[PDB]
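Each chain carries a letter (A, B, C, D, E, F, G, H, I, J, K, L and M) given by its place in the written order, and its residues are counted from 1.
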Amino acid sequence: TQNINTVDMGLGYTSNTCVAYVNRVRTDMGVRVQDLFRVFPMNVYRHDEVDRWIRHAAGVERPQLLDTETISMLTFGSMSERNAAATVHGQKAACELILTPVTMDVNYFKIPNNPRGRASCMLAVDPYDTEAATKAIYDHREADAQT
Amino acid sequence: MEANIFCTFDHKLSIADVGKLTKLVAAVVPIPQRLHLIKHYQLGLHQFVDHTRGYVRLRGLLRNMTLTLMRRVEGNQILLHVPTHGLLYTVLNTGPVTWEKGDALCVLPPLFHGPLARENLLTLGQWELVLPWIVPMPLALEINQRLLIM
Amino acid sequence: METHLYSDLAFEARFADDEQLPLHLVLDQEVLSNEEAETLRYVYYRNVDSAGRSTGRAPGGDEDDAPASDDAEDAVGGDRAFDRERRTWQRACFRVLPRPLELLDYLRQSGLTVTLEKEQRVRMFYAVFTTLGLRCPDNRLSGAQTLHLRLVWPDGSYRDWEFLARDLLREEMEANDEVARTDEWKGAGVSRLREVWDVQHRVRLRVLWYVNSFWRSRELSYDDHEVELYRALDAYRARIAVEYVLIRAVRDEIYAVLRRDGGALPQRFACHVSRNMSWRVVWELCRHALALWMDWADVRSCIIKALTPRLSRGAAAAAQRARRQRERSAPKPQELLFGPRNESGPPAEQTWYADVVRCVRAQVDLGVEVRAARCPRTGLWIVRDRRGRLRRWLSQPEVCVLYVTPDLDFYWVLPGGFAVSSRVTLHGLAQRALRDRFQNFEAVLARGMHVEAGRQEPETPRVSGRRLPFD
Amino acid sequence: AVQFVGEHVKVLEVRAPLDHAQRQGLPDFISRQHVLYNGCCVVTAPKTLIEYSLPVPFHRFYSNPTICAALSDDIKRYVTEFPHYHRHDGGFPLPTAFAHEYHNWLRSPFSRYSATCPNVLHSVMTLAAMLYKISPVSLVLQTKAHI
Amino acid sequence: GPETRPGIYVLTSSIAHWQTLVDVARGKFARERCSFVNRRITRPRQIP
Amino acid sequence: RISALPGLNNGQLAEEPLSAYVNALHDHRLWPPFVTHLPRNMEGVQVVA
Amino acid sequence: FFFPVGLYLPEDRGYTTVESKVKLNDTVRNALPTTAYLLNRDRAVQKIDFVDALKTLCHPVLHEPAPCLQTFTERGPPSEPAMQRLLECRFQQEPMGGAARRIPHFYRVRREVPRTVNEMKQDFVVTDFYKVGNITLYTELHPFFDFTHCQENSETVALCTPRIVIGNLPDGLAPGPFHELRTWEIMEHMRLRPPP
Amino acid sequence: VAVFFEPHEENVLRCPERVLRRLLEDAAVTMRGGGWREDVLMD
Amino acid sequence: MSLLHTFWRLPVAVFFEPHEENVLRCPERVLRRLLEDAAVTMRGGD
Amino acid sequence: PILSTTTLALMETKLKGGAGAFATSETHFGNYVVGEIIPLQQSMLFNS
Amino acid sequence: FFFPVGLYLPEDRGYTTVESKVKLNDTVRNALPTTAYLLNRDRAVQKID
Amino acid sequence: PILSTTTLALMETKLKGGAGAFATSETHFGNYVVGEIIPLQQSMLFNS
Amino acid sequence: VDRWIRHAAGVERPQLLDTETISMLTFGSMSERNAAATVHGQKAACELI
């Protein structure tokens, strides 16, 4: 073992980085949707026959109990999605879907924007001001700061 | 096995931290997972302490944990050692319980002792070194019995 | 299914001591909602005879037969009357099936055999299986007996239904290696399924009858005389009349005070008033409001919700402490210097309940909680919304209010804050009638609650129909 | 035809929990819905039978203040006091018994639509299409139809 | 049945504490527990 | 013809036809505003006069 | 990254900037966007429909508003004076016994009645529905469910009730022209594109 | 502008004699009629 | 006439928003309308 | 924003347009293209 | 800076120079403008009514 | 003057155009574009 | 009318006292609060003729 200590000798940032080159994309850049039956595995429809019909219409499987607190303390994960038989493209970039009024304008999607519909970048807010932060992101009687 | 476990601290330890952490050498501290490298949040019972849920819950979590003896602390590393069956070790009782010779000792969550001060140790931020009580068998099965009878 | 079987065996093992026969019930959306089915904590049942007498009390009569007291010091009997009431209810086992089912298919998919007279399916969003015992005080069962069913929820709220043994037994009595009791119970199965209503026809539940029950073996007798049913109906009439007679007591008190004073109402609530107003139309609106309050008063009136905390066990002792505190001798200089500091007296704000009656579009609000405090400048009352906001209904000409203070003083307030003030008299009601009708439920310990009192209990128990059940 | 007379007009209240797929969230929502029995749907105020006819405004589509005002004097006075209530977009207040919008099946968008829509076949068809359900099984069925 | 039928297993579990393991084993083998008490009822002259 | 989905209508779920799940016109819980007869089907429907 | 699927662009302000470049057949599947197209990790065209979304769209979490109602209630009724006109509503079960005969008695009281929040929600056009002035926005929490504050027993309580049919969505989020175009889509599906 | 008397423990509203007589007539009719609600429930 | 008796002999001009303190303003027109509406409700009320 | 189109006509006309065609969004009545703000799929992750 | 919103151009002398480039569907909402569109301090689009 | 249009179609043409697109001010029948007189938004605030 | 107009335009009622009014009419005040979050800098408010 060799012990290493480092002291930064500038009064500002003395080093800076850049992302110079992109070699490849590891994910598939696909349109395969996230499997909410794997994320929330316990939920069933109250009427069992409706639940089984909904299971069959999608490709989803029967519900599963979560780990006990003891077992989740002794084990560090489950990973209920097994690997597929072949992987031609890279990693699955599972799309998460948020539901949208059909009348939301397309000019919003054309520039970078918060996909939830309101700005939330805290670099616009006074630091350590929690009431201003809550007001900025959730209060709907004052204007969104972006549009 | 993983005969030694490295516990790394994210908070920088003051002089007082290193001193009091040195005095605690040979104390019995539990780890949930039995891994070669752990972070200081996983050390101790503080991850689970929750007074709205009962004493039996914390008892159940503790009886399944892996127990270690503290060794020399260095810069941001604490070096926990797992004891092995049949060997001879020096152990520290931070608990207020008395030990007589020949006692058989059990691990249990701490109880309320009169003075109420209880000596909080290593309050790094809002983490804390909550050690269990190493209790001799008579008191251990007395508390288990009283709890069941309640 | 298992609750019925266990309860049958339990009532058999206890039959000689109690003489209670096991009545197996199933509840669905006709008696309770899904939230109430999932969060149900206790089921309790009560037996009362053909004379209106509960079987937990003395067989001939009780000291609770005396009238009430109007004293906070007495609190309508105190701890002993409360304990005599609590002794009267008995706890039943129950299980909830929280997902939609069809009852006969559920019984067949269990071990049971079903051979009903006509195979009519009954479908139910959820099911609560519970067993109640109706008391045959001898090997004899009367049709005039009534049985009370109580469903209780974790906040301590309860719901009472009552149905008489004649409705339940209308048909069932009118017609009247080694084996294990479990296997022959399942094999012998069910053959009856009867729908029973409570007396007031509010709620329907089904009764399930088994051929393996020890009920069948006893060959005890059943009878219903006409005079006994008549007396039982009269006792029921006295039971449900308890809140309305209190309402009429308050109404007669308002009219009696109004006659005594001569129609002069002093101001007791703060509101800036003008002389140049048609106060006579305010008097007419007061007439209409006081008629309408009688038109729409109910069990959830302010008077019942005011008497209910008085019936609680702590109430008498706390009232005596308060009496001692207010009439304590002035402290000597030694006590002020050396001794402990005096108890803080009553807080400046009290909790009240009110009935707010607006005439313009006839509406009456009944279970309304308000906070009351006397303003420093003039000792009138300021009534505030329990979020701390001043209540505006004193300024509206078309609304009158009836408040009942926690010490059972009532005010009837007109626009402007001019009020009739008197006390609710409980003497028309026997101590038992009030005490059994309106005593608050006190919880016995169960799953998921602290042994120590006063603790913030963790996540409350629930049986979920929407989720895969945890174990 | 008098030999088949029947009884006087009634208004009935219909209570129904939704189907097992719509009932899953908010299981305790008992929908309520009002219908006219021994009644008529009228498009004019009857002149000759005014002494024997009384109006029953009970629905978004069946509460026309004109017919009610010509048939009853109290409603005529009510509308003269409040001239903005003389309108047919569903804004005319129904009696308190019938006024439970949040528990109705057809609510404000339906009356607002039928107020302006041109009296042609496609308006009928789109009123029918507006009644497609929000159940998840209906999502499966509509989505598999690529609608 | 009349004769006892043994079920033999080899288990791998993250639990090493015995009381926790026996809790979960009782949770899995509840039907055999009921069979044991039922056997005590239906064949009282035999003592498992 | 427009209301249901005749291609996909082809089953029943929880004792009800699939068209009843698609559109309100086929759910028996929705009543016409003007009634001359009670419906043949009143599974969960309560009528109050 | 983020991309939309199925947006309906306003037809009253519609335009084309690529008329010289493309020509689509005059069918409703061309008129109403219901599919999106993307490029793959290597530039193949890939397609997302609503058929593929079912593993999300059909999960019970989307169809349950209990968390929405709890957050709606804990936030409490609005306190601003403008919102005070929004909370004033009163729903009350009268019996049906003599209801048809006492309708005139309701109108004999010449008081006016508050508009429901869902009735006020229809006044806003598609573009100003989203502005700050849409004071009803605090009730728009969930596509499938209706939220409102109402007076019950002289207090402000929260009420949640489900939109049973698609038509119950407000005009600002599913306008009349959209419903009509979607009906044309359904008819073209049924081969009734020219109706009888 | 307009002026209003501020509240007090002593200011009082009088009832006209006819209005009081009408109150008491209503009271006597209500007490004598026996239109008790529990009687309706049991009916 | 003078059907209200007041402890104070002079009235005051009351300020502030009606949510601070209670004041009984109502013109006679509103009072007459309310009275007749209550009458018809009472008519709307072996 | 990532390159997206409603129709294969608009993706087709993007895919056969010159360099820099992916960056521009354009509308054909009810249909649209949403262009990409950085040339990630136009050139960058392929020219390498 | 100054800009107009809502002006009415003379229909008796209307004309276009971008026919080949822009096509607005026949609708009076398109014909009579009541809105102005502008850019942000980013290149984003903003609107005034 | 600053770049402003009465319709989104002309804004779309300005955003698809090349350099100096903003400084040109054309019109459709009842719709117009006004072009900025100095190229602030076109280049000046973004060339960096 | 004043209350209706102010509710429609999204404006609050004037809150005033004599000395506050003196200061307002003599020197002015910063009577418009900052936003909770600023992304695009200052509000360059448009004035309309």
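By definition in this document, a contact is a pair of C-beta atoms (placed from the backbone, for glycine too) under 8 Å apart; a residue touches a chain by one contact, two chains touch by 3 or more.
These are the chains along with the protein names UniProt gives them: C = Capsid vertex component 1.
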| item | value |
| --- | --- |
| Required steps from chain B to chain H (each step between touching chains, minimum) | 2 |
| Chain whose mean Cα position lies farthest from chain K | E |
| Chain with minimal offset from the mean of all protein Cα atoms | G |
| Geometric centre distance via CA averages, chain F-chain A, whole Å | 41 |
| Length of the line joining the C-alpha centres of chain B and chain J, rounded to whole Å | 61 |
| Between chain H and chain C, distance of the C-alpha-averaged centres to the nearest whole Å | 31 |
| Between chain B and chain I, centroid-to-centroid distance (C-alpha), Å | 73 |
| Set of chain L residues in contact with two or more other chains | 7-9, 12-13, 15-16 |
| Numbers and ranges of chain E residues touching at least 2 other chains | 15, 20 |
| Of all residues in chain C, the ones touching two or more other chains | 100, 125, 269-275, 279-280, 284, 291, 360-361, 416-417, 465-466, 471 |
| Chain D residues within the chain F interface of the complex | 10, 12-21, 31, 33, 35-37, 39-41, 58-59, 61-62, 105, 125, 128-129, 131-133, 135, 137-138, 141-142, 144-145, 147 |
| Parts of chain A lying in touch with chain M, wherever the complex brings them together | 119, 121, 124-125, 132-133, 135-136, 139, 142-143, 145-146 |
| Residues on chain D engaged by chain A in the complex (per definition of touch) | 20-21, 23-24, 27, 136-137, 140, 144 |
| Partner chain E, residues of chain B touching it in the complex | 60, 63-64 |
| Of all residues in chain C, those that touch chain D in their complex | 29, 33-35, 100, 125, 361, 465-466 |
